[PDB]
């Protein structure tokens, strides 16, 4: 089963010949992947030597709790993270229930990587790209059922006044197909890029069944390409939501928006506005803005908000197979399926 409910089609390390390993720490994960690059003779194999399923059982609550008590001390520290570079054999990193990490997972030039059941929070090194999850030049990546959090707050005097904490899930480069699903993202200022610059356009990404709460912006900040966002619960968005730029196209369907400022917009460039197809969300017309506390603001540069709440473009036929529940059902049920310790459970119409 390579079915992710989105553009990514991968089973990760859960394939034939997979080697199961238990990592009790960050360093263990590093050592396991490194050992996975060697053949029977001890020589390195490009792409990796065999598939891997790593169960992370470590717990870094101590680090997380101390950081939560002193958020402004995090940005200047060294960033902490496990890099998965040029590993194409298939790899799955799944956290054990009760495990936690104060380090990120950085994926570079890999493919067929699945990250599940990881509770990652309050990472250090926001000023040095301390992302929780980074997907760079990596197709077929599935980020599912994780809890990514920090504090939706900017400390004074941080570089660019935007580095107190880095992102939850930054995607860039040739990460052509990615599925970000069933994640509980809360207390994050910059949630995630979909393109690192005006030139880094493209990719086909699906965000489904995510539960966003108390987040400022970038859900995602899209640069070109296609984005399918369905069955997500967006609540307490304090800056802007999906920002569709550089002529990107988005299909926004069956989502629940509430207490959100600029939930769907195209701003900051002043040109080449992206488009959106809106359908089945709890909001159906401008009259609903008051009902669900949806606020809109302007930008100093030319922008387009979805304040008329109408579709501004088209969207190709969704390649994959999927079936969304109603917006109401995500509002009612989602918080129980999103995140860690839910045994990777999925929300189906049956449960509505």
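Residue numbers count along the first chain shown, from 1.
When the C-alpha B-factors of 5-13 and 339-347 are averaged, 339-347 comes out higher. Annotation for 193-201 versus 242-250: the higher mean temperature factor (C-alpha) is found in 193-201. Comparing C-alpha B-factors across 304, 327, 29, 63 in the deposited entry, the largest value falls on 327. Residue 259 sits in the highest third of its chain by CA B factor, as recorded in the PDB entry. When all modelled residues of the chain are sorted by CA temperature factor, residue 102 is found within the lowest third.
Per the deposited record, the Cα B-factor of residue 269 falls in the middle third when ranked against the other modelled residues of its chain. Per-chain ranking of the deposited C-alpha B factor places residue 172 in the lowest third. Among the modelled residues of its chain, residue 215 has a C-alpha B-factor that falls in the lowest third according to the deposited record.
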